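Okay, so here's the structure we're looking at.
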Amino acid sequence: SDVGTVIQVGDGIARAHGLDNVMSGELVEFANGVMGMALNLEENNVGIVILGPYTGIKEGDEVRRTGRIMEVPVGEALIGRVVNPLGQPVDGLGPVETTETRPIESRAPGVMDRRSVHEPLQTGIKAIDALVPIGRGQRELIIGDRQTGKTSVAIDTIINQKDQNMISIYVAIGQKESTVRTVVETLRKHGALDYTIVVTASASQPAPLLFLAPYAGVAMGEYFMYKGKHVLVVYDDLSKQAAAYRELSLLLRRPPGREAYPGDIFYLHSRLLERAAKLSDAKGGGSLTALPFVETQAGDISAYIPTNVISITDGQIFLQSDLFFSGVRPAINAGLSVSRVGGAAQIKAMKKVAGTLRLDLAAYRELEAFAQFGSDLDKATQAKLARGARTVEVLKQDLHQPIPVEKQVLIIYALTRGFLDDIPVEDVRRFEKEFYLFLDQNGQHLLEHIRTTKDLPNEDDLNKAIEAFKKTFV
Amino acid sequence: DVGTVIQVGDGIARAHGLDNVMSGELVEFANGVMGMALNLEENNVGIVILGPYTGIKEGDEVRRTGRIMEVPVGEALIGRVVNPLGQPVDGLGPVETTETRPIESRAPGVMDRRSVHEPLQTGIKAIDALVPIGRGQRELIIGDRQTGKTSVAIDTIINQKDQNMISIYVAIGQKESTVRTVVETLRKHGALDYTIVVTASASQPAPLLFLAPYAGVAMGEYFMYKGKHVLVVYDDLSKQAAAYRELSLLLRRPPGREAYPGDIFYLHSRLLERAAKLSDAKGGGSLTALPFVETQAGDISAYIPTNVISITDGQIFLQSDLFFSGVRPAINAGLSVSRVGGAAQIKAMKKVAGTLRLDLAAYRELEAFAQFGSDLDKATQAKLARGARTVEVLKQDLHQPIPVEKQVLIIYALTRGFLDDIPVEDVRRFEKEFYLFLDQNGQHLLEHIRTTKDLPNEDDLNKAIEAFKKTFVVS
Amino acid sequence: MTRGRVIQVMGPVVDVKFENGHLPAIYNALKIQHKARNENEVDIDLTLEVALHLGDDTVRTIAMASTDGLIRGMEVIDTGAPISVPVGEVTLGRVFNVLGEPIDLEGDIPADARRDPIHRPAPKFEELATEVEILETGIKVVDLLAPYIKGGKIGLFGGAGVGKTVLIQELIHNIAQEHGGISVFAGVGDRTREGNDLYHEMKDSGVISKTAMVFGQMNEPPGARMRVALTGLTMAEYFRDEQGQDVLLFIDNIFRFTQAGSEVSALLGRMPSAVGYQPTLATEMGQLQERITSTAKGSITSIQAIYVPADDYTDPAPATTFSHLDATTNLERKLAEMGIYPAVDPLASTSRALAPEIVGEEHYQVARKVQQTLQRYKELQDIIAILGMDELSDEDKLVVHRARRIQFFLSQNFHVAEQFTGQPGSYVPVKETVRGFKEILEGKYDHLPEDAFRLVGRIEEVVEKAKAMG
Amino acid sequence: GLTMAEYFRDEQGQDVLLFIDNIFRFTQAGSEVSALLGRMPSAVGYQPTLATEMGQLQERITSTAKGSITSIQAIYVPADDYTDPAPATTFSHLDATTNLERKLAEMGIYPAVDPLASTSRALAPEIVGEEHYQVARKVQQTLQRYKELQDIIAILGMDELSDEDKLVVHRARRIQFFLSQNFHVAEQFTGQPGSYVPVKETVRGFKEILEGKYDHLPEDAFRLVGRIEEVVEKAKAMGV
Amino acid sequence: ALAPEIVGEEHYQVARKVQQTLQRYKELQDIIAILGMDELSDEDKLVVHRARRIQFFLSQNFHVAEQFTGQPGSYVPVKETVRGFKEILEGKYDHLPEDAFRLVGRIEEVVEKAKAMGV
Amino acid sequence: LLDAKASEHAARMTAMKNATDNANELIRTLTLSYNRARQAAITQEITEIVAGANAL
Ligand SMILES: Nc1ncnc2c1ncn2[C@@H]1O[C@H](COP(=O)(O)OP(=O)(O)OP(=O)(O)O)[C@@H](O)[C@H]1O
Ligand SMILES: Nc1ncnc2c1ncn2[C@@H]1O[C@H](COP(=O)(O)OP(=O)(O)OP(=O)(O)O)[C@@H](O)[C@H]1O
Ligand SMILES: Nc1ncnc2c1ncn2[C@@H]1O[C@H](COP(=O)(O)OP(=O)(O)O)[C@@H](O)[C@H]1O
Ligand SMILES: [Mg+2]
Ligand SMILES: [Mg+2]
Ligand SMILES: [Mg+2]
């Protein structure tokens, strides 16, 4: 029948006897009102994961079948609210008042139902827009050690999308509840909360809800994607999801692997990260795009969960601790950051300027790793080294201040074409600022064209404007 | 004596009954596929399936053969391609054997053995001169991938035509195309008329690979106790170790270093210690074995490599950088040794070349120092000149063995210094020409070494080598 | 007839009980197709592969699609046979999943198609071929400096953005055009953004008409991902067994076949071996590679990409895979940046056919010299990087000259390149490249502008292309 | 301890301090009882529920709208391995962290605090001021440059290098020793009585070291001293 | 049995001084692996010369080695072994080359083995 | 002085060539020790895990 009884209770796992018609993945309801999901079905024992406080469930208490597969509430009313992984409001402010539901175990968009990533996501970070392009419908990994910039890089991305016709979701997994509150008040101050959803899974909660938290977040975004608006999703640690599945499995007594991890780990992460796509014109041209985060201990890029997330994505941004403690900020290592969907997600103007820089930074990393100290080497080697330092000062940027794309292409045009040779390395950070002021007051004509035609204006006019400013600068 | 299968998974089954079954017995399923009984728990016998396991299902009818693991032996096996079980593979019909032997024989005990007093001439200049092997020895060929391992063994079997030896080749874990190819290569050189090739290629269940080396020695011991000398080659003992770990970790036996079940040493020794030189009371027979082990990173120092370096009476280490530097066969003199060697050389060869193995290691270091070195002295420069010629005198070509009387004559030239006059590239051609000249002109020297295993009068030999050097021309 | 019923479910694993004791064999396949009785239920259309006979008339099974939504007691039926996919001319120009269903919206393959098993006993020693033969690919660098072999396993190690997809497509075109043989592409664990781009490029390059493709996605449970290589294989077996033509099989990354095997060994409850890998690594790897053989009728040759797990070639996945490989082709980015396509590094690529018994003596001498010439130039490159060209000794200049021409004559104009460029392209027979490189190494053609050798075919083309400049 | 502090925070409403000594010994106890409770093992012999227990305890130790708990903890790094699960799981809960290193304790630089691996959410240009932040990050560049340069010195030798590299090693030695201090609880361990340095003074002094004003003094004078004034006198006794 | 009373003070002082030279050269070995002996100065140079002498003078010719190498064996009584090390440690045999110190029994044998070379 | 300065510059250049060649050889020898240690650490942790799991 549809009623069973609990026999073992412990650590957020219970075991039931009966409940013969249950499905794998169902929702089940205990007497206390706490809900649960069936993940195992042996011949005499049904295995239950509890999705709530398990200090009131006693042995012999009843458990009853809902009849629904696991479902997350969706609707326009969720925008601007702080919510649980289950559709339950947390900020106070009353009910969420949703209209309908979606499964959290959706199938991904197939081949023949997808298109090719062809449009940009302007992050407003000089290094991320120029050097490591993310295009709508890609999966981008931010992988790095603790204390290197990470939440800083995602928060800058949401703000710099204010003008653009975008929807953004933040999925905070395993984080201390005062830290989630610091990001939210911060977003209310920048006016960001009006078009965003924060989904929260604090460190006090049963592991199972941390596991569902990334799935609930994509299940909310896919509703808007199939309706046609573009959407962006950030997961605040996939390594903290991977820990909570291992705990649930080892209490369900399933067999171990490399580091106590269940044999499903590639299947769990892949099912979540392939629900990112650019749908085609028949599907209405919507798009998800995804930003998983992974934290690596002593930079072990070879660990089990890190080897796995470096593979499923369409690129990586590896961040290094020594660059940070050396003034390079954001601390993005150019050698280990690659985008395999690169070359299509930039505006036409930026593609021409960005190509030279990748070659320029490389010819410095090789030369500098040996010759910075040598007082005099060949005249070329001096030329490459000098533009090498200026490039690493043009890529430096401040916290919580994104830069619009037209200004990025202009500063990168000037460094690449040699206008910035005369300027010393220390004042490159100020020549930048003075140039932005001069461009606004005087050069309105050049900025008009790049935004509208994504294209670069006539060289003589650009050379004239930049050469004239070089006269003004002191 | 009847039981019933309860689990049939991964190549190991279990069966309920078979009351009088002896341990080690061959077991027949209802299907007619074979198996080995290895364990007897109180209600259940534990069976290893020695064949494809996808036709056996719970409910089948395993039956008892009545015989301990037994391999078929007889003279009819020579010249046939066979399975580890006595089953013909080449086509060509039945093997038509007469009798059987256990695959779990005891090794000839102490007081049933003797010391080695006859050579196993390989026709390879570096192995015969520097690292000698005699009948009854156990010698390890160690190296990395693509270094020359199969090439050294096959050169040995062809050259063991002239001498009255039986040779067995046991291919463990090898790709099937490489094996079919070796049989056609042996048929072309006429070798198959006196040999047996035993095959356990990679698509088969791991039990017939594990038994494959024990069937090969079981065929060779029949001939050994009847008095005729025998040689056995094992094509990968490190692939035998891998298949034993897989069978053990499926029976839930606890692991160890790497994941190797501790019974790796016992496995390898049980096989290698049946090689023996029987004494005159036993009729003076001999086995000899040349096991092969592959090593990761071309590093001598690792678990399975060191374990077989323990059971043998020497080792021949082959190096990958020597192989890519034109030295073929690629033999490291410093790390390669023979422990029963010193008695296994003919008298002329002991006198000619015993200080070559140690002196040649000294050149290897002094060359390495000299390249980075700026200015050398006269006694270092003279040593550097002889070392280069020795390395070119030890270079050979594939499938071309050199008779032992011709070996001692070319080595006499180098050690006594006649080859010092000739520029280096010419050394290989000087060696082909001297062998032709010996054939056409110098027959008296070649008659003396064969009968007395002994070197002729020094005046006559010095005369002859000067006479050849007049006829030779340069560049 | 008879039927089973489901008695346990855990992730990808399921157990079925067959009460009469009439049970399925170890690699047979089972269907669940069920219509929902009440609105609480979810309709299901799953299939399962057998793995172990546990006892008590029960069988352990791995699942090929998502197992979410399964009720205990749900009925289940046995097909009497392994997974079987359609073979013949029907499967050319189409895309299919592991089961054999068509993923393309190009109709459905009919019932009458002959369907043959994924799992089959391997080829025998009375059936193979005694003498090695060399396969002429029409590509200059590959045929000269790392000859491919009929019945061989070739390995591609290269970085992203070096021409992999172009080299695969040109090989498929040359074999179909000149040697008259089809190809198969089996993508083991591939990202669904790459499958779409590949189908569009295979169609827009015109190559599609001669190839059949199997895609197994990353989002599938491990068993489906593992057996995707075994269906691409069984399709190429019909073309060698019956049509008798030679066939080519491409595998997207062999590492994910080994990873899927590890993940299935963990679900099934087996004890891990060294570096946490399955206890049956070389019996799995061998049972794939030992079907890629040159039988008397015809041959299968395979180009397989491999990922080095940590930049460690001493690991148990590289160890077992490199045991089977006969040639290794490595693609370099520096060459690509400079303008050389195909971008294959002459000095890091190997073959076991480059020995004078197989290739013949003229080919061996010509090849070794090319390697000797290029390596010496790599040395003078750091001297020329620090100081001036005049500084080199005269003999050293006579090696700089030949190396620059040799490096360029390796470059070739492909036919699939005409979508990325505006020139027709050429195929070179092995005798013509061996003759030509002998002329360059004797210096007969040194009175020539350097760029005359760029993206050209036979050596006589250089003569005419020179005249074009003047 | 926490229930007592909670009553003082919530009902009385006074602000409160909590000192917890070795919170690792809480995590370690769970392991001992895990096997006898019937739990399967995880990672490096740890409980299958490590994050869950650390979260329950730590998420109670907070400063609410009613009142504030400042909480100060010692955390034990289980086998000198900061990559262990118990410390890694702990780093996610703090607002400010100092990591102590045995290599510094061997050199005798007490307190032995890693100036790079230690971090706080209060080192932000508006939370501490522009003058403070400038000096702080500039010290962190000097000490990261000294770390890479020590490898080159150890094999090739110090005289081989440039004037800018020499001046980095000069200043980095002084900065690293001037981070050491004479405490009142080190009265028992070192004889000397002890010092309290106000924040304004610390910024002045570290700025002088970076600008090179005090580079004439010998380096041993900077060890176990509190204010920069003292360092001048300590040198006088030596005779400089 | 290495204690002043058991061995005598002369043997004890000789054994400890030999073990001190060998430990210094197991630390110098990390720098001479890369640069060679140009980096070494003063005491480093003298210590490496004497360590090379000591390490080869601990090697011997055995009667059981006759089945492997044609040389005869040697038995060195204890009073002789101590005397040789002291002359090596003092520096009385600094002039003789390192290849003359290998596979010998007593210090007299090193002098005749050097004289055969003439180096 | 002409000969002295010329000979000093050449002496540093070979000393540097040999020093670099010794360093690169040490890097391959050390790299292999790291990979052998890394693979042993991953086979110990999995055997302790499975030893406890088999007991319970
Ligand atoms: N671009 C930047 N410029 C200056 N300071 C920065 C920049 N990005 C980050 N920071 C600073 O460095 C630290 C970055 O902390 P952040 O939370 O971004 O890193 P995290 O990796 O999320 O940390 P955790 O591992 O604790 O989650 C903070 O002190 C922050 O103010
Ligand atoms: N002396 C030689 N002269 C020339 N070529 C040789 C010589 N010895 C071997 N070769 C060739 O070099 C290659 C060596 O392959 P071989 O099978 O002998 O090595 P292996 O170590 O057994 O290889 P694997 O590890 O693949 O089993 C073959 O091409 C062989 O023919
Ligand atoms: N043979 C060639 N001729 C001309 N251009 C080529 C050739 N091969 C590659 N390219 C250029 O380099 C690109 C490499 O793309 P592709 O091979 O798909 O990269 P990947 O190796 O990542 O699959 C081509 O799209 C084209 O721009
Ligand atoms: Mg964070
Ligand atoms: Mg071989
Ligand atoms: Mg590709």
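Chain lettering (A, B, ...) mirrors the order of the structure tokens, residue numbering begins at 1 for each chain separately, and ligand numbering begins at 1 in order of display.
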
Within 9 Å of chain B, which residues of chain C show up? Give each one with its shortest atom-to-atom distance in Å (one decimal) and the two atoms involved, counting only C-alpha atoms, rows by chain then rising residue number, as JSON lines.
```
{"residue": "C:21", "atom": "CA", "partner": "B:59", "partner_atom": "CA", "distance": 7.6}
{"residue": "C:22", "atom": "CA", "partner": "B:59", "partner_atom": "CA", "distance": 8.7}
{"residue": "C:23", "atom": "CA", "partner": "B:57", "partner_atom": "CA", "distance": 7.4}
{"residue": "C:24", "atom": "CA", "partner": "B:57", "partner_atom": "CA", "distance": 7.8}
{"residue": "C:25", "atom": "CA", "partner": "B:57", "partner_atom": "CA", "distance": 6.3}
{"residue": "C:26", "atom": "CA", "partner": "B:54", "partner_atom": "CA", "distance": 5.4}
{"residue": "C:27", "atom": "CA", "partner": "B:54", "partner_atom": "CA", "distance": 7.2}
{"residue": "C:51", "atom": "CA", "partner": "B:9", "partner_atom": "CA", "distance": 7.4}
{"residue": "C:52", "atom": "CA", "partner": "B:9", "partner_atom": "CA", "distance": 4.8}
{"residue": "C:53", "atom": "CA", "partner": "B:7", "partner_atom": "CA", "distance": 5.3}
{"residue": "C:54", "atom": "CA", "partner": "B:7", "partner_atom": "CA", "distance": 5.2}
{"residue": "C:55", "atom": "CA", "partner": "B:6", "partner_atom": "CA", "distance": 5.1}
{"residue": "C:56", "atom": "CA", "partner": "B:6", "partner_atom": "CA", "distance": 7.6}
{"residue": "C:57", "atom": "CA", "partner": "B:58", "partner_atom": "CA", "distance": 7.7}
{"residue": "C:121", "atom": "CA", "partner": "B:52", "partner_atom": "CA", "distance": 8.7}
{"residue": "C:122", "atom": "CA", "partner": "B:203", "partner_atom": "CA", "distance": 7.0}
{"residue": "C:124", "atom": "CA", "partner": "B:176", "partner_atom": "CA", "distance": 8.3}
{"residue": "C:125", "atom": "CA", "partner": "B:180", "partner_atom": "CA", "distance": 6.6}
{"residue": "C:126", "atom": "CA", "partner": "B:90", "partner_atom": "CA", "distance": 6.1}
{"residue": "C:128", "atom": "CA", "partner": "B:177", "partner_atom": "CA", "distance": 6.8}
{"residue": "C:129", "atom": "CA", "partner": "B:177", "partner_atom": "CA", "distance": 7.4}
{"residue": "C:130", "atom": "CA", "partner": "B:181", "partner_atom": "CA", "distance": 5.4}
{"residue": "C:131", "atom": "CA", "partner": "B:181", "partner_atom": "CA", "distance": 7.2}
{"residue": "C:132", "atom": "CA", "partner": "B:181", "partner_atom": "CA", "distance": 8.7}
{"residue": "C:151", "atom": "CA", "partner": "B:177", "partner_atom": "CA", "distance": 8.9}
{"residue": "C:270", "atom": "CA", "partner": "B:250", "partner_atom": "CA", "distance": 6.8}
{"residue": "C:271", "atom": "CA", "partner": "B:249", "partner_atom": "CA", "distance": 6.0}
{"residue": "C:272", "atom": "CA", "partner": "B:249", "partner_atom": "CA", "distance": 7.7}
{"residue": "C:273", "atom": "CA", "partner": "B:259", "partner_atom": "CA", "distance": 5.4}
{"residue": "C:274", "atom": "CA", "partner": "B:259", "partner_atom": "CA", "distance": 5.5}
{"residue": "C:275", "atom": "CA", "partner": "B:258", "partner_atom": "CA", "distance": 8.4}
{"residue": "C:278", "atom": "CA", "partner": "B:246", "partner_atom": "CA", "distance": 8.8}
{"residue": "C:279", "atom": "CA", "partner": "B:246", "partner_atom": "CA", "distance": 5.1}
{"residue": "C:280", "atom": "CA", "partner": "B:246", "partner_atom": "CA", "distance": 5.9}
{"residue": "C:281", "atom": "CA", "partner": "B:246", "partner_atom": "CA", "distance": 8.8}
{"residue": "C:282", "atom": "CA", "partner": "B:202", "partner_atom": "CA", "distance": 7.7}
{"residue": "C:283", "atom": "CA", "partner": "B:203", "partner_atom": "CA", "distance": 6.5}
{"residue": "C:284", "atom": "CA", "partner": "B:203", "partner_atom": "CA", "distance": 8.4}
{"residue": "C:285", "atom": "CA", "partner": "B:203", "partner_atom": "CA", "distance": 8.9}
{"residue": "C:286", "atom": "CA", "partner": "B:202", "partner_atom": "CA", "distance": 5.4}
{"residue": "C:287", "atom": "CA", "partner": "B:203", "partner_atom": "CA", "distance": 4.9}
{"residue": "C:288", "atom": "CA", "partner": "B:203", "partner_atom": "CA", "distance": 8.4}
{"residue": "C:289", "atom": "CA", "partner": "B:203", "partner_atom": "CA", "distance": 8.8}
{"residue": "C:290", "atom": "CA", "partner": "B:203", "partner_atom": "CA", "distance": 6.5}
{"residue": "C:293", "atom": "CA", "partner": "B:177", "partner_atom": "CA", "distance": 7.7}
{"residue": "C:294", "atom": "CA", "partner": "B:177", "partner_atom": "CA", "distance": 8.3}
{"residue": "C:313", "atom": "CA", "partner": "B:297", "partner_atom": "CA", "distance": 8.2}
{"residue": "C:314", "atom": "CA", "partner": "B:296", "partner_atom": "CA", "distance": 5.9}
{"residue": "C:319", "atom": "CA", "partner": "B:296", "partner_atom": "CA", "distance": 8.4}
{"residue": "C:323", "atom": "CA", "partner": "B:145", "partner_atom": "CA", "distance": 7.9}
{"residue": "C:324", "atom": "CA", "partner": "B:175", "partner_atom": "CA", "distance": 7.4}
{"residue": "C:352", "atom": "CA", "partner": "B:146", "partner_atom": "CA", "distance": 8.8}
```

Could the residues of chain B that have an atom at most 9 Å from ligand 2 be listed as a Markdown table, each with its closest atom pair and the distance in Å to one decimal, counting only C-alpha atoms and all ligand atoms and ordered by chain and ascending residue number?
```
| residue | atom | partner | partner_atom_place_in_ligand_line | distance |
| --- | --- | --- | --- | --- |
| B:143 | CA | ligand 2 | 21 (O) | 7.1 |
| B:144 | CA | ligand 2 | 25 (O) | 6.4 |
| B:145 | CA | ligand 2 | 25 (O) | 3.4 |
| B:146 | CA | ligand 2 | 23 (O) | 3.7 |
| B:147 | CA | ligand 2 | 21 (O) | 4.1 |
| B:148 | CA | ligand 2 | 18 (O) | 3.5 |
| B:149 | CA | ligand 2 | 22 (O) | 3.8 |
| B:150 | CA | ligand 2 | 22 (O) | 3.9 |
| B:151 | CA | ligand 2 | 18 (O) | 3.9 |
| B:152 | CA | ligand 2 | 18 (O) | 7.0 |
| B:153 | CA | ligand 2 | 18 (O) | 8.8 |
| B:154 | CA | ligand 2 | 18 (O) | 9.0 |
| B:174 | CA | ligand 2 | 27 (O) | 7.8 |
| B:178 | CA | ligand 2 | 17 (O) | 8.7 |
| B:235 | CA | ligand 2 | 27 (O) | 8.2 |
| B:236 | CA | ligand 2 | 27 (O) | 8.7 |
| B:294 | CA | ligand 2 | 25 (O) | 7.4 |
| B:318 | CA | ligand 2 | 21 (O) | 8.8 |
| B:323 | CA | ligand 2 | 12 (O) | 8.5 |
| B:326 | CA | ligand 2 | 3 (N) | 8.9 |
| B:327 | CA | ligand 2 | 1 (N) | 8.3 |
| B:328 | CA | ligand 2 | 1 (N) | 4.6 |
| B:329 | CA | ligand 2 | 1 (N) | 4.9 |
| B:330 | CA | ligand 2 | 1 (N) | 8.2 |
| B:395 | CA | ligand 2 | 1 (N) | 7.5 |
| B:396 | CA | ligand 2 | 1 (N) | 5.6 |
| B:397 | CA | ligand 2 | 3 (N) | 4.5 |
| B:398 | CA | ligand 2 | 2 (C) | 4.4 |
| B:399 | CA | ligand 2 | 1 (N) | 7.9 |
| B:400 | CA | ligand 2 | 1 (N) | 8.9 |
```

Kindly work out which residues sit at most 7 Å from ligand 4, using only C-alpha atoms and all ligand atoms, and give the list as an mmCIF file with N, CA and C atoms, in the first residue's frame.
```
data_model
loop_
_atom_site.group_PDB
_atom_site.id
_atom_site.type_symbol
_atom_site.label_atom_id
_atom_site.label_comp_id
_atom_site.auth_asym_id
_atom_site.auth_seq_id
_atom_site.Cartn_x
_atom_site.Cartn_y
_atom_site.Cartn_z
ATOM 1 N N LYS A 150 37.664 35.061 -5.989
ATOM 2 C CA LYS A 150 36.676 34.131 -6.602
ATOM 3 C C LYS A 150 35.278 34.744 -6.525
ATOM 4 N N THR A 151 34.766 34.988 -5.317
ATOM 5 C CA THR A 151 33.419 35.577 -5.168
ATOM 6 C C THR A 151 33.492 36.998 -5.681
ATOM 7 N N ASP A 236 28.499 28.375 -5.896
ATOM 8 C CA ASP A 236 29.538 28.969 -5.032
ATOM 9 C C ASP A 236 30.582 27.992 -4.460
#
```

- Message: Taking only C-alpha atoms and all ligand atoms into account, list the residues no farther than 9 Å from ligand 3, as a PyMOL selection string.
- Response: (chain A and resi 340) or (chain C and resi 158-168+170+198+336+339-343+411-421+455)

- Task: Step by step, measure atom-to-atom distances between ligand 1 and each residue using only C-alpha atoms and all ligand atoms, keep those at most 7 Å, then write them as a PyMOL selection string.
- Result: (chain A and resi 145-153+329-330+397-399) or (chain D and resi 92+120-121+123-124)

Next, dump the selected residues to file, keeping only N, CA, C and O atoms, as a compact mmCIF listing (two decimals), in the first residue's frame.
```txt
# COMPACT_ATOMS: atom_id res chain seq x y z
N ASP A 145 42.86 28.21 -5.39
CA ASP A 145 43.07 28.00 -3.94
C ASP A 145 42.29 29.03 -3.11
O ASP A 145 41.80 30.01 -3.71
N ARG A 146 42.16 28.80 -1.81
CA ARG A 146 41.38 29.70 -0.91
C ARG A 146 42.01 31.09 -0.78
O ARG A 146 43.26 31.14 -0.73
N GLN A 147 41.20 32.15 -0.73
CA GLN A 147 41.67 33.55 -0.51
C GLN A 147 42.11 34.22 -1.81
O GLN A 147 42.32 35.45 -1.78
N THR A 148 42.20 33.48 -2.90
CA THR A 148 42.47 34.10 -4.22
C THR A 148 41.14 34.69 -4.67
O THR A 148 40.11 34.25 -4.13
N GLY A 149 41.11 35.65 -5.59
CA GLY A 149 39.81 36.24 -5.91
C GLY A 149 38.87 35.22 -6.53
O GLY A 149 39.27 34.61 -7.53
N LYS A 150 37.66 35.06 -5.99
CA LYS A 150 36.68 34.13 -6.60
C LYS A 150 35.28 34.74 -6.53
O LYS A 150 34.69 35.00 -7.60
N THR A 151 34.77 34.99 -5.32
CA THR A 151 33.42 35.58 -5.17
C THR A 151 33.49 37.00 -5.68
O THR A 151 32.45 37.53 -6.07
N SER A 152 34.68 37.58 -5.67
CA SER A 152 34.87 38.94 -6.21
C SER A 152 34.60 38.94 -7.71
O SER A 152 33.88 39.84 -8.17
N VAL A 153 35.09 37.95 -8.43
CA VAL A 153 34.95 37.83 -9.89
C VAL A 153 33.52 37.55 -10.34
O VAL A 153 33.06 38.13 -11.33
N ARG A 329 46.04 41.75 -9.80
CA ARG A 329 44.69 41.51 -9.23
C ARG A 329 43.66 41.97 -10.26
O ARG A 329 43.69 43.16 -10.60
N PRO A 330 42.79 41.11 -10.82
CA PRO A 330 42.57 39.75 -10.35
C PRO A 330 43.72 38.81 -10.76
O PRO A 330 44.31 38.97 -11.82
N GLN A 397 43.13 45.67 -12.26
CA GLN A 397 41.85 46.35 -12.02
C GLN A 397 41.44 46.30 -10.53
O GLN A 397 41.81 45.38 -9.81
N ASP A 398 40.68 47.29 -10.08
CA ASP A 398 40.15 47.46 -8.71
C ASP A 398 38.89 46.62 -8.39
O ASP A 398 38.15 46.20 -9.27
N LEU A 399 38.59 46.43 -7.10
CA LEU A 399 37.42 45.69 -6.62
C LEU A 399 36.09 46.46 -6.78
O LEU A 399 36.02 47.67 -6.53
N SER D 92 36.44 27.57 6.18
CA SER D 92 35.21 28.14 5.63
C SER D 92 34.35 28.96 6.61
O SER D 92 33.41 29.62 6.17
N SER D 120 42.33 38.70 6.55
CA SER D 120 41.14 39.18 7.29
C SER D 120 40.22 39.97 6.36
O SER D 120 40.72 40.49 5.36
N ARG D 121 38.93 40.06 6.70
CA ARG D 121 37.93 40.76 5.87
C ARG D 121 37.99 42.25 6.17
O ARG D 121 37.28 43.01 5.51
N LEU D 123 40.89 44.02 6.05
CA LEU D 123 41.97 44.71 5.30
C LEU D 123 41.38 45.22 3.99
O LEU D 123 41.76 44.70 2.94
N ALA D 124 40.48 46.21 4.06
CA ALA D 124 39.85 46.79 2.85
C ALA D 124 40.06 48.29 2.92
O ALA D 124 39.81 48.86 3.98
```

- Expected answer as an MDAnalysis selection string: chain F residues within 12 Å of chain B, only C-alpha atoms: chainID F and resid 11 14:19 21:22 28:29 31:33 35:44 46:48 50:52 54:55

- Item | Atom-to-atom span, atom CA of residue C:441 and atom CA of residue C:402, Å |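 Atom-to-atom, atom CA of residue C:441 and atom CA of residue C:402 are spaced 7.4 Å apart.
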
- Would you list the contacts of stretch 28-44 of chain E as a list in words, taking every protein, DNA or RNA residue within 7 Å and counting only C-alpha atoms, but skipping same-chain residues closer than 2 positions in sequence?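 What passes the distance filter is residues 155 of chain D; 24, 25, 26, 46, 47 and 48 of chain E; 19, 22 and 23 of chain F.
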
- Pull out every residue of chain A sitting within 6 Å of chain C, counting only C-alpha atoms, and send them as a PyMOL selection string. chain A and resi 21-25+40-43+67+111+258+263+270-271

- What is the atom CA of residue B:428 to atom CA of residue B:392 distance in Å? 6.9 Å

- With a distance threshold of 8 Å and counting only C-alpha atoms, extract the residues of chain A near chain F and express them as a list in words.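 The complete set of qualifying residues is residues 256, 257, 258, 259 and 260 of chain A.
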